[PDB]
Amino acid sequence: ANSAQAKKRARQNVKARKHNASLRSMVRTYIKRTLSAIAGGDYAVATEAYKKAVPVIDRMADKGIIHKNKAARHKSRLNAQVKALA
Amino acid sequence: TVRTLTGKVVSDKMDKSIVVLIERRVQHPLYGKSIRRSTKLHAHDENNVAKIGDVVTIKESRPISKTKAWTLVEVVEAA
Amino acid sequence: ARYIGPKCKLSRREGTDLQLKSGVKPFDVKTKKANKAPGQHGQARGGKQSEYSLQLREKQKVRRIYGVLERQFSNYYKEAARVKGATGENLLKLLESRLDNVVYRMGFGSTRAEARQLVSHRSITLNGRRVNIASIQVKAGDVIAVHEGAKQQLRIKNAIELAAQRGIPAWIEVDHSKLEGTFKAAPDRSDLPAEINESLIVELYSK
Amino acid sequence: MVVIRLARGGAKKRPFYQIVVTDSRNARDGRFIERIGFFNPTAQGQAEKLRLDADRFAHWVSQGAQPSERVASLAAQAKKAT
RNA sequence: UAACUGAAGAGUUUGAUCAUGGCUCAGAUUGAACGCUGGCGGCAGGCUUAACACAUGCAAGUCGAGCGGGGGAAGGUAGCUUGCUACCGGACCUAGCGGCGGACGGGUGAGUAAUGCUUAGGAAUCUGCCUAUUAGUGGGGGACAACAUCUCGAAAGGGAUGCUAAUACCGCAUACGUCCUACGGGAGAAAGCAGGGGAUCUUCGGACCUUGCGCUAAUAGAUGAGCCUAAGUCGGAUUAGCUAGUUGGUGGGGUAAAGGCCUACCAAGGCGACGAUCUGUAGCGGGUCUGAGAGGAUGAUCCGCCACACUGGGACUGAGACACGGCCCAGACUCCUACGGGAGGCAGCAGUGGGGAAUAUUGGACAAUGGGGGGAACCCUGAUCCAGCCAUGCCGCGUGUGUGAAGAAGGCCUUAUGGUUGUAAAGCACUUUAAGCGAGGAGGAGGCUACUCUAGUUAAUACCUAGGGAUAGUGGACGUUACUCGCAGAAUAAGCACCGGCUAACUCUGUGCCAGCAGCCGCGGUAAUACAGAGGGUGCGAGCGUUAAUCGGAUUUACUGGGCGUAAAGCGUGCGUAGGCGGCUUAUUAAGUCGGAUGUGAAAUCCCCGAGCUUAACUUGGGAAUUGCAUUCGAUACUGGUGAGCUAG
């Protein structure tokens, strides 16, 4: 970077990248937990996992980490696959 | 209020899909003689009602697959 | 650029008086060499010419009297062709509408060169303002006057006296006492001399 | 944002402005949405100095277009004149 | 009113001739170059070649009214070596955190024959700042730069320990809208700062009231962008078969959003002689040049779209980038060095080297129009507005005007005395454009500040916002502006090509198939109007010629608009595939064909009538035009489709 403001932008970019990566990995982890419960096949266990996963997805969607359309898609599809377990 | 075309089916092998051949007659830009041109359109046909040789109508729609963006309306004439 | 030099050979080459001198002395007594081209190989008037020679010689005669060069004359022809009407009479009207020629026909200059110098040296006012362009197109109902410092010029007095010998055009109403005049309308073809043939010029420029 | 501003044309030392509605990111003399008048700060004789279409001006202002300072002053002057 | 009105031939094959057929010429045009020459102004244009390599300066900042530190000026109080010290409250500045901007503006045409462009439509999307409307903005916590200490390095810059503020960050609470839903329910935000103040209190320094700028959730509008379809968009068959995520489907994943976009299975499909695949070339359009038109050539300068940023592969931040002056990785190259360690990408502006026939200054200002930041004051802006250089183009002007013959001199020719240069020259009388010197002087500046008044908002006359008035200040880089008025004196200002025919303009010397000329036919071998000089003349004129290139003439690829017995040209002859075309009557359809309406066909450009430039170039108002495309409604003679019938093929 040639200018001072460009250097500052690069520094802020690195810091924001680390922070966002942490927040996004959290959502991925919760979705993986719900998927594991569904594959396990116990309806109550899958319901509990989904109930834990939904607030994290919504909180990170409100922060701009992921789009709210993506959050809605995840919630709807996971709820359908949980309901499939009857 | 939706663009539509009428053609003849030349293939029905694919699942829920047909290939309809559209024919048009235009004037040659320089020599003036009337010529005929052909275009092949893949169309969506949900219930596989169409067969080879019938005359069908197809209307424009949103993409269904990589090559299909038209959908069957009705079979005007049957083979 | 404007042609500077001998005018008598120019008149001799075309074979007619080009009105390039004041006129106190007639052409024959002024030159004594009419009917002879300026060259040593100069011949009589009866020499045959091609059609290209005749068309060219007519255009050069038309240009020389008004003092217009080839570029401006070609632009004049191109404008006349665009304007609806007779092309030749349109070109003649455009030539007769130049400010210097109007000043000359008003009798403020003994020659068109004198009129051009008067116009260029800011001695002439058009509609109340001092101009210095000889090619300004004069329109109907215009007013051309002599500037205050320009007045009391013996050249101007001699010019008006000499013009009195000639006939004042119909389209020009001039008060010599106040050194003022009004261009009223473009001259018609009948007012202009009939020795000028314009079909040759139109053919030459339209080939 | 959408702005109403002056695009320059004419000759050197003799500017002539078209009053245009455009996205502000576009180049000054480039892409525009709609032209609604002109301004000639050096008009002489019979030449018109300022023509503004008040209906289109009001319509575009009602949708969020922001006039520049010069255009706002010209609109006020035109309304005062008429 | 008007918007168009348009078509020419010549030379050359032969002892003549007619035809065929090439070659050549007369025109228009240019981002031109070269040769000779060169006064001024206005308006434009200016690396077409190496997307070759780049020294140096500038081209992206701004906000202290988001935040904590840290600096240096003054003032006042105190003391006293007495105008020096030590303290104290206000005014300024900014390295760091943070916000917004940096995705615009500017450059270039390498790649790209269709993921692009043009025309006309479509559905499954997101969209900062702006406008309208709705509901809110409660209460907590843990950190990290700065800073302090240590350490590495000449430095440039690196590394490590301990603190700290916020509109930085994260829980909790609440939710008109919003998301999911099995219709039962479940889930998810935010931040403060500033101006003014009546009453009241003030746990003592603010609360509270009010007005702005902010922040959160959401719905519309506007803007911008993403996606899809149809028809068009350069050659090659001495390139004929191409394709396995390939073509379609299902479950799942993925995206802002449709979709083989990805993945696992199922099936064997999909494209191609209407040119697939492969290959050469190329940014596309509005437009520009030429042409009577149809066509042909072209895609500088202006506008729209696309693509690229030393060469390739990626992602981050963000509303928006796979980002010219940002990051990571690989490659080539270049620079500094104390050898420890570092740095870079002019196809931004100016400029350098190189290449080339050839294309400019390492300039001024943000005054105007815009762009970024800010509440404002104001700061930034090689965009832009200007200036410099170049006859590169277009347009305009000047280099003087009149008179002047028993026709001076000199030159060129000669029948040797005339002719010509020529009114030309001299002489005589006048004028002062432009350039030069002096004086005056618009417009490009709308506004802003100060003063006063009016109206909203409030508890308020304060503050804020919107208006009115007169007056005064202040604000122009161009700039010694345009323009106007005076002074001096013809004073400062003409070249280039050509004269055998095509093609306007002719002789004399010099040379003798030599020297030379030449676009074609051809000239020159002792009287050369064709070579060189001179005189004379012709055409142009601050220009004149040559070379290069496009269209025309060329009906010389012939659609408009050509030919094939002997001039070039009928396959050696049949059969037959695709295709082209096809007898008569009738009903029907409405694809071709024709008509109407509607929408669209950006602006600029071309044309017409006006307007302003002293005229013109040029600028500009309004029209006309954009011959096209799409939708819809009609007509049925002809062609096509379908049904029926007939017999001349």
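If you check the header, you'll see the entry was determined by cryo-EM and the resolution is listed as 2.21 Å.

What follows deals with the overall build of chain A. Looking only at helices and strands, one finds 3 helices and 0 strands in chain A. The C-alpha radius of gyration computed for chain A amounts to 17 Å, which surpasses the reference 12 Å derived for 86 residues by more than 25%, pointing to a less compact arrangement than a globule. With respect to the principal axes defined by its C-alpha atoms, chain A has extents near 60 × 20 × 15 Å. Counting all 86 residues of chain A, 26% fall into the buried class. Across chain A, every contact between residues at least 6 apart in sequence was considered, and the portion connecting residues at least 24 apart equals 62%. As presented, chain A carries roughly 6300 Å² of accessible surface, and 52% of it is formed by carbon and sulfur atoms.

Quick look at the packing of aromatic side chains now. Counted by the stated rule, this structure contains 4 aromatic pairs over all chains. Geometrically, the ring pair formed by D:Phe16 and D:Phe38 is stacked, given 5.5 Å between the ring centres and 20° between the ring planes. In this pair, D:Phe16 is assigned in strand 2 (residues 14-23) and D:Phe38 in strand 3 (residues 34-39), connecting sequence segments 22 residues apart. Through a chain of ring-to-ring contacts, the aromatic side chains of C:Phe73, C:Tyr77 and C:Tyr205 assemble into a single cluster.

This part is about the environment of C:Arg129. All names here are of chain C. On the secondary structure map, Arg129 appears in strand 2 (residues 129-130). On the basis of relative accessible area, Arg129 is assigned to the exposed category, the value being 56%. For the pair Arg129 and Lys151, spaced 22 residues apart in the sequence, the C-alpha separation amounts to 16 Å.

On to the nonpolar core, then. Ranked by internal contacts, the top residues of the largest apolar core, which has 24 residues, are C:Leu99, C:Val103, C:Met106, C:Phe108, C:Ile124, C:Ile144 and C:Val146. Among the secondary structure elements, those contributing two or more residues to this core are helix 6 (99-105), helix 7 (112-120), strand 1 (124-126), strand 3 (142-146), helix 8 (154-165) and strand 4 (172-175) of chain C. When residues of this core are assigned to their parent elements, the largest contribution, 4 residues, is made by helix 6 of chain C. Grouped together as the second largest cluster of nonpolar side chains are 18 residues, A:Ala46, A:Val54, A:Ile57 and A:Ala71 included.

The next subject is the pairing of strand 3 (residues 34-44) of chain B. Consecutive side chains of a regular strand alternate in pointing toward one face of the sheet and then the other. Residue and element names in this part refer to chain B. Pairing of strand 2 (residues 17-27) with strand 3, which is carried by 11 bridges, proceeds in the antiparallel orientation. When the sheet's bridge partners are listed, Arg24 is paired in strand 3 with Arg37. Remark: 6 residues form the turn of the hairpin made by strand 2 and strand 3, two consecutive strands paired antiparallel; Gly32 in that turn has positive phi of roughly 80°. In the sheet, strand 3 pairs with strand 5 (residues 70-77) via 2 bridges, with the strands oriented parallel.

So, about the environment of A:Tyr50. Residues and elements named next belong to chain A. Within the secondary structure layout, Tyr50 lies in helix 2 (residues 43-62). Here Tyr50 falls in the buried class, since its relative accessible area comes to 16%. Sequence-wise, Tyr50 and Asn69 are 19 residues apart; in three dimensions their C-alpha atoms are separated by 18 Å.

Bringing the side chain of C:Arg105 into the picture now. The topology assignment puts C:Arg105 in helix 6. Setting aside chain neighbours within four positions, we find C:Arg105 in contact with C:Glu96, C:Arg112, C:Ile168, C:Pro169, C:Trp171, C:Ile172 and C:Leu192.

With that out of the way, let us pick up the packing of helix 1 (residues 4-40) of chain A against helix 2 of chain A. Between two packed helices, what matters for the description is the angle formed by their axes and the separation of those axes. Residue and element names in this part refer to chain A. Between helix 1 and helix 2, the shortest axis-to-axis distance is 8 Å and the interhelical angle comes to 160°. In terms of orientation, helix 1 and helix 2 fall into the roughly antiparallel class. As for how helix 1 packs across helix 2, the hand of that crossing is left-handed. Note on element contacts: helix 2 touches helix 1 through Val45, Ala46, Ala49, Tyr50, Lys52, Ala53, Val56, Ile57 and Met60, opposite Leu23, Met26, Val27, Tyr30, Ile31, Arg33, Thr34, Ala37 and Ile38. Across the contact of helix 1 with helix 2, the residue classes break down as 15 nonpolar, 1 polar and 2 charged.

B:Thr67, C:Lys30, C:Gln60, C:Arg82 and D:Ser68 are the nearest of the 161 residues found near RNA strand E. Expressed as a percentage, the sugar and phosphate content of the atoms of RNA strand E within 4 Å of the protein is 80%. Take C:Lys25: an N or O atom from its side chain is 3.0 Å from a phosphate oxygen of RNA strand E. D:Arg70 is positioned such that a nitrogen or oxygen atom in its side chain is 2.7 Å from a phosphate oxygen of RNA strand E.

Here the focus is the sheet that holds strand 1 of chain C. Strand pairing in a sheet takes place through backbone hydrogen bonds and is either antiparallel or parallel in direction. Residues and elements named next belong to chain C. The strand order across the open sheet formed by 5 strands is 2-1-3-5-4, and the pairing between neighbours is antiparallel. Every interior strand has two partners, whereas the edge strands, strand 2 and strand 4, have only one. Alignment of strand 1 against strand 3, held across 3 bridges, turns out to be antiparallel. Considered in strand 3, the bridge of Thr125 is made with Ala145.

Before going further, it helps to examine the pairing of strand 5 (residues 180-183) of chain C. Residue and element names in this part refer to chain C. Covered by surrounding structure in strand 5 are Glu180 and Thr182 together with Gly181 and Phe183, the residues of both alternating faces. With 4 bridges connecting them, strand 3 and strand 5 associate as antiparallel partners. From the neighbouring strand, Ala145 faces strand 5, where its bridge partner is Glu180. Bridge analysis of strand 4 against strand 5 gives 4 bridges, and the strand direction is antiparallel. Within strand 5, the position partnered with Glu173 by the bridge is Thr182. If you look at the hairpin formed by strand 4 and strand 5, you'll find 4 residues sitting between the two strands, and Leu179 has a positive phi there, around 55°.

This part covers the sheet that holds strand 5 of chain B. Residues and elements named next belong to chain B. With respect to topology, 5 strands assemble into a closed barrel ordered 1-2-3-5-4, the strand pairing being mixed. Averaged over all pairs of adjacent strands, the angle between strand axes in this sheet comes to 45°, irrespective of strand direction. With 6 bridges joining them, strand 4 (residues 55-60) and strand 5 adopt antiparallel strand pairing. Paired with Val56 across the strands is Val75, a residue of strand 5.

The rules we used
Residues numbered from 1 in each chain as written, not as in the entry; some residues may be left out. Chains lettered and ligands numbered in written order. Part of a larger assembly, values for the part shown. Heavy atoms only, no water. Helix = DSSP H or I, 4+ residues; strand = E, 2+ residues; numbered from the N terminus. Rg over C-alpha atoms; globule rule 2.2 N^0.38 Å. Buried < 20%, exposed > 50% of the residue type's maximum accessible area, 1.4 Å probe, protein only. Contact = heavy atoms within 4.5 Å. Areas by Shrake-Rupley, 256 points an atom, 1.4 Å probe, with all protein chains shown as cover. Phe/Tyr/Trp six-rings, centres within 6.5 Å; stacked < 30°, edge-to-face > 60°. Core = buried A, V, L, I, M, F, W, Y, C linked by side-chain atoms within 4.5 Å. Pairing = 2+ DSSP bridges. Axes fitted to C-alpha atoms, helices over the stretch in contact; angles between N-to-C directions. Parallel < 35°, antiparallel > 145°, perpendicular 65-115°, else oblique. Left-handed = near helix turned anticlockwise from the far one by under 90°. Nonpolar A, V, L, I, M, F, W, Y, C, P; charged D, E, K, R; others polar. Near = heavy atom within 4 Å. Polar contact = N/O pair within 3.5 Å; in protein donor to acceptor, adjacent residues only side chain to side chain.

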